[PDB]
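S.K.: Pasting a structure here, questions to come.
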Amino acid sequence: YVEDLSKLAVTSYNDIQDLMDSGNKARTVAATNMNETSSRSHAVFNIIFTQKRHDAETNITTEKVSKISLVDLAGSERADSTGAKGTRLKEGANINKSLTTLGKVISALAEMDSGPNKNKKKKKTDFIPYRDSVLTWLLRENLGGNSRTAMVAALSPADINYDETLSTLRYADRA
Amino acid sequence: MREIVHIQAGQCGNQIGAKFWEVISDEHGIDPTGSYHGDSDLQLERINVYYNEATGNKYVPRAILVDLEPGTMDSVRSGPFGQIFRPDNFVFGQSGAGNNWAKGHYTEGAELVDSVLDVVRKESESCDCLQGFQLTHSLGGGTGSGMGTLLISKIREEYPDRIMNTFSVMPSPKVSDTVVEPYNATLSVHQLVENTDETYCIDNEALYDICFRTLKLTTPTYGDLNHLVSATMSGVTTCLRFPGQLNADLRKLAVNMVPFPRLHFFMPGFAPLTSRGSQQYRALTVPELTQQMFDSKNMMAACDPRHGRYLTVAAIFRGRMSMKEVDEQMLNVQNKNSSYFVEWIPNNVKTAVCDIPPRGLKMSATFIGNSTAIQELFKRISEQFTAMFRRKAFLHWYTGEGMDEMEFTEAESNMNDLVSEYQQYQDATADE
Amino acid sequence: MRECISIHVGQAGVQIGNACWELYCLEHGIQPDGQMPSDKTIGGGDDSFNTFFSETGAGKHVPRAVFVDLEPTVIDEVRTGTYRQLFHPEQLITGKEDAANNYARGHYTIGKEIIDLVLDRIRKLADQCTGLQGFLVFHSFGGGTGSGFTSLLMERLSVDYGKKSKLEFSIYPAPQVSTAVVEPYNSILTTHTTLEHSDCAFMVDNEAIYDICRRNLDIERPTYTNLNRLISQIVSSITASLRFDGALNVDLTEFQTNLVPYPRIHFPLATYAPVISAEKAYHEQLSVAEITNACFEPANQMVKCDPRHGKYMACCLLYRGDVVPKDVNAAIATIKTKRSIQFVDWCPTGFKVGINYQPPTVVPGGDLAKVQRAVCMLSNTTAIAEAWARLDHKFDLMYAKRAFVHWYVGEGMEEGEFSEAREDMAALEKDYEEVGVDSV
Ligand SMILES: CC(=O)O[C@H]1C(=O)[C@@]2(C)[C@H]([C@H](OC(=O)c3ccccc3)[C@]3(O)C[C@H](OC(=O)[C@H](O)[C@@H](NC(=O)c4ccccc4)c4ccccc4)C(C)=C1C3(C)C)[C@]1(OC(C)=O)CO[C@@H]1C[C@@H]2O
Ligand SMILES: Nc1nc2c(ncn2[C@@H]2O[C@H](COP(=O)(O)OP(=O)(O)OP(=O)(O)O)[C@@H](O)[C@H]2O)c(=O)[nH]1
Ligand SMILES: Nc1nc2c(ncn2[C@@H]2O[C@H](COP(=O)(O)OP(=O)(O)O)[C@@H](O)[C@H]2O)c(=O)[nH]1
Ligand SMILES: [Mg+2]
Ligand SMILES: [Mg+2]
């Protein structure tokens, strides 16, 4: 988890809408050849939700606590078509590094769960490189273990982006 | 033209740095006062790597000295090579950590870190093109571990692109000198695994074994151990300073050695180490150096390479020699010891050759291995760590300075994950 | 006029250039300081030929060379050596660290900046040039600079000049020995460059030349100097036709015409026949037939590739010295008689012959013996496909687990480029497999 994260409380929809607008304004955004408003950073929106019941005879207080995590990832880039220079190139390199780590952990998880499920049931040992990047570190419980998780892949229709679209489809199949 | 900024922390780091600066000043013909009295023109060609130039045609090492005990600084100044250093780089305070990692990292070092970083910035801004840093310190102690980790973190925050080396003296298996070595070692390794590019593991017991069995010294002192570590340190960065048939920058070693980011713990070695008594018997050839480098007795980390496999190795030779013989010997070492090298990194032996050998030796070589056997070291520390953390053996000293059990637990978890990552390549037969 | 520009990239390129320019200066009688005593001695003739050297007003001859490297060490060795006054001071050194065996560093983040200066120098050399023949690019796979910067420079040259020939002399990784862990990644990423933009690439292997030195030359502990001298002899034999008179002269264009049946199979093998020590120079005739037969010996190939596993697509012979076409015709006839050498059924012509009168020279301090006759062979054959296959397997063994990948990704490269390059290389391999099938 993250220390000293400014977790605030909202009571009506107007407050959370204001928070949403402020957060979107605060996000780092830069223009590039592939997108006029490309994203330069991964983003996580977290809702901590608590249900309490009040009755001295039957009910339990603080009976339920749950987390909604909504993750917007920055996509892969190619310097030839991207046209980045200087800081943009460094941001693209870091994004690609984090996404490579995410792909590796996805593939390793897939193989690990499939094998012990199908092969026999050995469960000998299978290291998973969660720690190689901060993105996969923060999302450890969502990519596996204690969470119910959904992956929404976006795909470009054009023929020129075929090699990237096929990779996205392959990783969706692995996920 | 490349520079290296040098940082020294703690007693062990200070002494190793002093011996290192004496070995380097010899190689370059700098006199204990800063004046050049060499003979070969190649000595001054690349002297900018370590030494700044002064107005009086003198040379001043680009070194930074850090501690919280003035005694070490006083010992360094009152020495054969004390006046060579500039006095402004002597940064220190009082009331040392006393083998308390928390004091070094959180309480006391937090005040001196600003001054150390100011001197680091002043030295770094004057370089034409800075390459990286290197730090000498001891993990099992106080100010060494804490201030070294804090400085590493701050510099990586400020200089993300540059290289960060580290020559760390880790706790020994059975030899011990402080009661609380596992706590400091575990926390320091937790800090190092995130914020470094290379880390050369050094063990006191391995150096004692080298002194006793190989060099046949009867009464070895710390000077000898510093000598060895200093010969290793020079041997690492030889190609930045002298020409060679096939150079090898620091980045070349970093790229060719580590396969994955979290595995950058290297076992070093040096050859030829004889006995002052059998120098007249052993002929000096490339096969002899290759035989001595890969010998398990010659490692400085006190971890047997035969209990694991070499992910990568790097051999840096210095002296006139033939590339055919070197390549043939590396291939031979791979082929005969086929069981000690991973099967999914074909031809995992980096080679470098430098033309200029050390002062009075015809040939020399240094070895940098990256083997899974290093896991044993961590396991030992982890074992001892549990043996004290379960009962909270000495925990009040650490929690009194502003820490909690969560830091210890997460450091132990990081250590165990590192050990598992090394283990998962250790076995042969990747299928089932 | 007939001349070509030599470009050298990386440590291997610079050292091969040292050997090559030593040989050229010895051939043309130019002293290390650039002066030619024959000009003042004779007062006429043509000795400092325009093919490599340019004559200024004061009689000094300056080479048409362009040295490039990211390190300062290797070229600073040249700038304070025996040939310090020969070269123009423009040596194009990047005052930083090196590509670190990273294609991304040599192609994306650091390979730029100095690329513009390099192209400016090449343009300045070309503007002084009349009737430029082409470029001779020296580099090496397995190095970050020699791969990435070669890619950048070849791309820019193809964009700018285009129709000019661009030959390549590169050192392929050896099957067994190497000096880098990440060599296959660089060698597999350089294939798009070596395929699309180059016109004809000559590949050599360190292991083969080591075996040649051990067997033929009786050198027990050879170093890179001997290898560079051999490669210099090969390049000199290739380019001699532009300089000296001869009965059957072959320039670069007509040389290319008879060695590239199709655009995508321009990967010949190179050999040099009379590699022999001074002691063994006696006891042997070294006639035309002997050297022509020795060119075909599988042990004498300079790449670890057995010709008997494939078919010969084309062959070009370049003879030097006291050679007469009658003996060459006899050698060609008796070779065509032999059944061990297999030629594709769609190339009945087979051989191209070129003859030059100037015999090879002897470098002082060298190892090759002075001989009256010599021959350099270039041969387009399918067996080179095998030499690629052994590499590709290694790449797979490193790419399955994504080892060392993060170093490449952290400098601009994308993960998919590896797979793209691998697919391109597989396409090339299957093309070579297809071209050799017998017609029906
Ligand atoms: C016969 C002869 O010439 O004497 C040798 C000698 O006998 C041996 C034993 C030397 C000797 O070293 C030791 O005895 C020793 C003892 C404890 C710890 C370290 C060394 C020597 O002291 C060490 C010394 O080495 C050097 O001078 C190197 O340049 C070395 N630098 C220093 O030792 C040095 C120390 C203080 C101040 C200035 C220089 C070096 C090596 C690698 C990289 C940089 C520098 C040499 C040749 C010798 C003696 C004098 C006996 C050896 O050391 C080295 C690294 O050369 C030990 O194994 C080698 C092999 C040598 O044959
Ligand atoms: N035959 C021959 N091979 C060489 C020579 N020099 C280097 N090599 C080979 O080239 C390979 C890679 O070296 P280089 O391509 O020169 O590396 P580089 O050009 O300096 O580029 P960087 O890695 O960025 O420094 C090595 O593995 C050597 O085997 C040489 O002089 N002759
Ligand atoms: N190799 C080596 N180790 C040393 C030397 N001096 C002390 N040590 C080691 O350092 C440990 C004690 O740590 P210490 O140096 O006091 O840490 P500090 O107080 O922070 O400087 C012991 O385990 C010793 O083995 C030396 O000169 N050389
Ligand atoms: Mg977006
Ligand atoms: Mg190099």
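In the structure tokens, chains take letters A, B, ... by order of appearance, with residues numbered from 1 within each chain and ligands from 1 in the order shown.
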Dump as a ChimeraX atom specification the residues of chain C that approach chain B to within 9 Å, counting only C-alpha atoms.
M.R.: /C:11-12,71-74,77,95-102,176-182,206-207,210,220-224,394-395,397-398,400-407
S.K.: Might you pull out every residue within 8 Å of residue 134 (chain C), with only C-alpha atoms counted and same-chain residues fewer than 5 positions away left off, and present them as a ChimeraX atom specification?
M.R.: /C:3-5,164-167
S.K.: What residues have any atom no more than 8 Å from ligand 4 when counting only C-alpha atoms and all ligand atoms, and can you list them as number ranges by chain?
M.R.: A: 37-40, 72-75
S.K.: Which residues of chain A come within 8 Å of chain B, and what is each one's closest atom pair and distance in Å (one decimal), counting only C-alpha atoms, sorted by chain and residue number, as a tab-separated table?
M.R.:
residue	atom	partner	partner_atom	distance
A:126	CA	B:424	CA	7.7
A:127	CA	B:421	CA	6.5
A:132	CA	B:261	CA	7.0
S.K.: Take the residues from that selection and write them out as a tab-separated table (two decimals), in the first residue's frame, keeping N, CA, C and O atoms.
M.R.:
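The new file result32.tsv reads:
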chain	number	residue	atom	x	y	z
A	126	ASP	N	6.74	-21.71	-7.51
A	126	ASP	CA	6.67	-20.89	-8.73
A	126	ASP	C	6.83	-19.43	-8.31
A	126	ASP	O	5.87	-18.80	-7.85
A	127	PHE	N	8.04	-18.90	-8.47
A	127	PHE	CA	8.27	-17.49	-8.19
A	127	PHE	C	7.59	-16.63	-9.25
A	127	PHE	O	7.56	-16.99	-10.43
A	132	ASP	N	9.56	-6.43	-9.51
A	132	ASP	CA	10.39	-5.81	-10.54
A	132	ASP	C	9.92	-4.41	-10.93
A	132	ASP	O	10.68	-3.70	-11.59
S.K.: Write out as a list in words each polymer residue whose atoms come within 8 Å of residue 323 (chain C), counting only C-alpha atoms; drop sequence neighbours fewer than 6 positions from it.
M.R.: residues 288, 355, 357 and 373 of chain C
S.K.: Residues within 6 Å of region 191-202 of chain C, please, as a PyMOL selection string. Count only C-alpha atoms; anything in the same chain fewer than 6 positions from it doesn't count.
M.R.: chain C and resi 151+166-169+266-268
S.K.: Figure out the distance between CA of residue 283 (chain C) and CA of residue 328 (chain C), please, to one decimal in Å.
M.R.: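 According to the coordinates, CA of residue 328 (chain C) and CA of residue 283 (chain C) are separated by 22.3 Å.
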S.K.: Would you kindly report the residues of chain C within 8 Å of chain A, using only C-alpha atoms, as a ChimeraX atom specification?
M.R.: /C:108,406,409-416
S.K.: For the atom pair CA of residue 256 (chain C) and CA of residue 429 (chain C), what is the interatomic distance in Å to one decimal place?
M.R.: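 One can read the CA of residue 256 (chain C) to CA of residue 429 (chain C) distance as 21.5 Å.
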S.K.: Find the spatial neighbours of region 60-66 of chain C, counting only C-alpha atoms, within a cut-off of 8 Å - ignore same-chain residues fewer than 2 positions away - and output them as a ChimeraX atom specification.
M.R.: /C:4-8,30,34-36,48,52-58,68,86-88,91-92,118,121-122,125
S.K.: Keeping only N, CA and C atoms, write the selected residues to a file as a PDB file, in the first residue's frame.
M.R.:
ATOM      1  N   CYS C   4      36.205   5.585 -53.976  1.00  0.00           N
ATOM      2  CA  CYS C   4      35.177   5.163 -53.037  1.00  0.00           C
ATOM      3  C   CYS C   4      35.567   5.633 -51.646  1.00  0.00           C
ATOM      4  N   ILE C   5      34.562   5.832 -50.794  1.00  0.00           N
ATOM      5  CA  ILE C   5      34.757   6.383 -49.456  1.00  0.00           C
ATOM      6  C   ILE C   5      34.718   5.247 -48.445  1.00  0.00           C
ATOM      7  N   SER C   6      35.712   5.203 -47.563  1.00  0.00           N
ATOM      8  CA  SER C   6      35.786   4.205 -46.504  1.00  0.00           C
ATOM      9  C   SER C   6      35.253   4.799 -45.209  1.00  0.00           C
ATOM     10  N   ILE C   7      34.305   4.100 -44.588  1.00  0.00           N
ATOM     11  CA  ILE C   7      33.733   4.480 -43.302  1.00  0.00           C
ATOM     12  C   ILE C   7      34.034   3.360 -42.321  1.00  0.00           C
ATOM     13  N   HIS C   8      34.460   3.726 -41.116  1.00  0.00           N
ATOM     14  CA  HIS C   8      34.777   2.776 -40.059  1.00  0.00           C
ATOM     15  C   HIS C   8      33.980   3.138 -38.816  1.00  0.00           C
ATOM     16  N   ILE C  30      53.364   6.017 -49.947  1.00  0.00           N
ATOM     17  CA  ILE C  30      53.120   7.223 -49.166  1.00  0.00           C
ATOM     18  C   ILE C  30      53.674   7.010 -47.765  1.00  0.00           C
ATOM     19  N   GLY C  34      52.193  11.495 -44.777  1.00  0.00           N
ATOM     20  CA  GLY C  34      51.417  11.911 -45.921  1.00  0.00           C
ATOM     21  C   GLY C  34      52.228  12.268 -47.148  1.00  0.00           C
ATOM     22  N   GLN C  35      53.518  12.540 -46.993  1.00  0.00           N
ATOM     23  CA  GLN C  35      54.355  12.904 -48.125  1.00  0.00           C
ATOM     24  C   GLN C  35      54.706  11.673 -48.950  1.00  0.00           C
ATOM     25  N   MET C  36      54.966  11.901 -50.232  1.00  0.00           N
ATOM     26  CA  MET C  36      55.372  10.852 -51.168  1.00  0.00           C
ATOM     27  C   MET C  36      56.735  11.206 -51.753  1.00  0.00           C
ATOM     28  N   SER C  48      50.193   8.171 -56.225  1.00  0.00           N
ATOM     29  CA  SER C  48      49.246   8.372 -55.128  1.00  0.00           C
ATOM     30  C   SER C  48      47.855   8.475 -55.740  1.00  0.00           C
ATOM     31  N   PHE C  52      41.780   6.358 -53.189  1.00  0.00           N
ATOM     32  CA  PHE C  52      41.736   6.386 -51.731  1.00  0.00           C
ATOM     33  C   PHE C  52      42.233   7.706 -51.153  1.00  0.00           C
ATOM     34  N   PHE C  53      43.181   8.354 -51.830  1.00  0.00           N
ATOM     35  CA  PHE C  53      43.881   9.516 -51.304  1.00  0.00           C
ATOM     36  C   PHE C  53      43.572  10.748 -52.140  1.00  0.00           C
ATOM     37  N   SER C  54      43.595  11.907 -51.485  1.00  0.00           N
ATOM     38  CA  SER C  54      43.413  13.201 -52.126  1.00  0.00           C
ATOM     39  C   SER C  54      44.683  14.017 -51.946  1.00  0.00           C
ATOM     40  N   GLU C  55      45.172  14.598 -53.038  1.00  0.00           N
ATOM     41  CA  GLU C  55      46.405  15.374 -53.026  1.00  0.00           C
ATOM     42  C   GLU C  55      46.081  16.854 -52.866  1.00  0.00           C
ATOM     43  N   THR C  56      46.617  17.461 -51.810  1.00  0.00           N
ATOM     44  CA  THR C  56      46.483  18.893 -51.604  1.00  0.00           C
ATOM     45  C   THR C  56      47.582  19.629 -52.369  1.00  0.00           C
ATOM     46  N   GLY C  57      47.646  20.947 -52.180  1.00  0.00           N
ATOM     47  CA  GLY C  57      48.577  21.752 -52.955  1.00  0.00           C
ATOM     48  C   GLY C  57      50.031  21.473 -52.625  1.00  0.00           C
ATOM     49  N   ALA C  58      50.337  21.264 -51.346  1.00  0.00           N
ATOM     50  CA  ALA C  58      51.712  21.126 -50.884  1.00  0.00           C
ATOM     51  C   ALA C  58      52.280  19.723 -51.070  1.00  0.00           C
ATOM     52  N   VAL C  68      34.533   6.660 -37.004  1.00  0.00           N
ATOM     53  CA  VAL C  68      33.420   6.936 -36.102  1.00  0.00           C
ATOM     54  C   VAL C  68      33.482   5.954 -34.943  1.00  0.00           C
ATOM     55  N   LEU C  86      48.684  11.654 -40.722  1.00  0.00           N
ATOM     56  CA  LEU C  86      48.105  11.245 -41.998  1.00  0.00           C
ATOM     57  C   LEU C  86      46.662  11.714 -42.126  1.00  0.00           C
ATOM     58  N   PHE C  87      45.864  11.510 -41.083  1.00  0.00           N
ATOM     59  CA  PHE C  87      44.432  11.742 -41.171  1.00  0.00           C
ATOM     60  C   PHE C  87      44.091  13.206 -40.927  1.00  0.00           C
ATOM     61  N   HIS C  88      42.972  13.630 -41.504  1.00  0.00           N
ATOM     62  CA  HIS C  88      42.407  14.923 -41.169  1.00  0.00           C
ATOM     63  C   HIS C  88      42.012  14.911 -39.690  1.00  0.00           C
ATOM     64  N   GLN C  91      37.691  13.411 -36.787  1.00  0.00           N
ATOM     65  CA  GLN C  91      37.606  11.991 -36.473  1.00  0.00           C
ATOM     66  C   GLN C  91      36.282  11.579 -35.843  1.00  0.00           C
ATOM     67  N   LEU C  92      35.394  12.527 -35.529  1.00  0.00           N
ATOM     68  CA  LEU C  92      34.003  12.252 -35.165  1.00  0.00           C
ATOM     69  C   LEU C  92      33.915  11.315 -33.957  1.00  0.00           C
ATOM     70  N   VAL C 118      28.534  13.300 -38.567  1.00  0.00           N
ATOM     71  CA  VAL C 118      29.082  12.263 -39.438  1.00  0.00           C
ATOM     72  C   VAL C 118      28.585  12.459 -40.866  1.00  0.00           C
ATOM     73  N   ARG C 121      30.319  15.359 -42.554  1.00  0.00           N
ATOM     74  CA  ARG C 121      31.662  15.032 -43.027  1.00  0.00           C
ATOM     75  C   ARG C 121      31.613  14.184 -44.294  1.00  0.00           C
ATOM     76  N   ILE C 122      30.700  13.211 -44.348  1.00  0.00           N
ATOM     77  CA  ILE C 122      30.580  12.387 -45.550  1.00  0.00           C
ATOM     78  C   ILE C 122      30.160  13.240 -46.740  1.00  0.00           C
ATOM     79  N   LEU C 125      33.185  15.171 -47.957  1.00  0.00           N
ATOM     80  CA  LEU C 125      34.068  14.312 -48.744  1.00  0.00           C
ATOM     81  C   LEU C 125      33.485  14.036 -50.124  1.00  0.00           C
TER      82      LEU C 125
END
S.K.: Could you pull out the residues sitting within 9 Å of ligand 3, using only C-alpha atoms and all ligand atoms, and write them as a ChimeraX atom specification?
M.R.: /B:9-16,67-69,72,96-101,104,137-147,168-172,175-178,181,202-205,207,221-226,229
